[PDB]
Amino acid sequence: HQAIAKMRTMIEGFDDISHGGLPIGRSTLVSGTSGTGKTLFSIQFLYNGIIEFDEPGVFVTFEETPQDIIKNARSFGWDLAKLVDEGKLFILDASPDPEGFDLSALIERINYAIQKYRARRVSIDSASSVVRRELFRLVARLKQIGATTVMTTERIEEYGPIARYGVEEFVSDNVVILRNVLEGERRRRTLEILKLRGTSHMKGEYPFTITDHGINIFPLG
C-alpha cells in the first residue's frame, strides 16, 4: 500500500540524487558511451550491498571475463575474489567463447544463482522490435524473482539517444545516464537520473569523478 521503497547504493552522492537509492525489486538501466563508468557503477552497487548490508550479489558478465572483472576492481580497493570465496558474490560468466543467444535459458541460470547465493542485488553488464520484446521479458522475470537490478547499456553519443536501439529507455522502470563530455579539450563526467517510475529524484546532470574509491558524485546543485 506504500509508494515504492528504495535500497541504498551507498555510492557517494547517489542516494541523495535518487532520494534514497534504487527502487527495490526493479531494474535500473545505466547507459553510457565507452569508459563512462558503467561496469564500475554495477560493481560498486553489489560490493556495497555485500559489505554494508550483507546482501549477496550476482554479477552477470557478457564480454569481460570474470578474471578481468576481479582484476580491474582492485583498482578501487575491492577484493572480489574474497567475496566470491565466501559465497557473498557470484560472477556468472555469459561471455562468448573466443572460438541466436538464448535469453530464456540464461534467465533460468541467473535464477539458480540468485537462489543459491540468496542474492538481493543483481548487475548485468551489459532489430529494435526484437530488442524491446527481449528486454521486456528479462525485466519482467527479474521483477518476479524480486531482484533489484542494474542493467548497463551502451550508447554512442553524449547528448543523443539514451541507448542503442531507441527502445531500452522505454521498457526500463528506471534510467540513469553516465556521460563523459568533451568540453574544450577537457572531459567532464556527469551522472543523470532521467527517470524513476513511481518515485521522485533530482533532475539533470551531476558531475562526478572516478577515484581509488570508485564513483564520487560531487556535492550537488
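We number the residues from 1 along the sequence you see.
According to the entry, the deposited sequence places 4 to 9 unmodelled residues between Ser126 and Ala127.
Comparing the deposited coordinates for 102-110 and 115-123, the stretch with the larger average C-alpha B-factor is 102-110. A summary of the deposited B-factors shows that, of 167-175 and 190-198, the stretch with the larger mean C-alpha value is 167-175. Between the residues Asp68, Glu158, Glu154, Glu183, it is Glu183 that shows the highest Cα B-factor in the PDB record. In the deposited coordinates, the residue among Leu138, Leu92, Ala147, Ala73 with the greatest CA B-factor is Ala147.
Looking at the C-alpha B-factors along this chain, the one for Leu220 belongs to the highest third. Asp212 sits in the lowest third of its chain by CA B factor, as recorded in the PDB entry.
Among the modelled residues of the chain, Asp16 sits in the middle third by CA temperature factor in this PDB entry.
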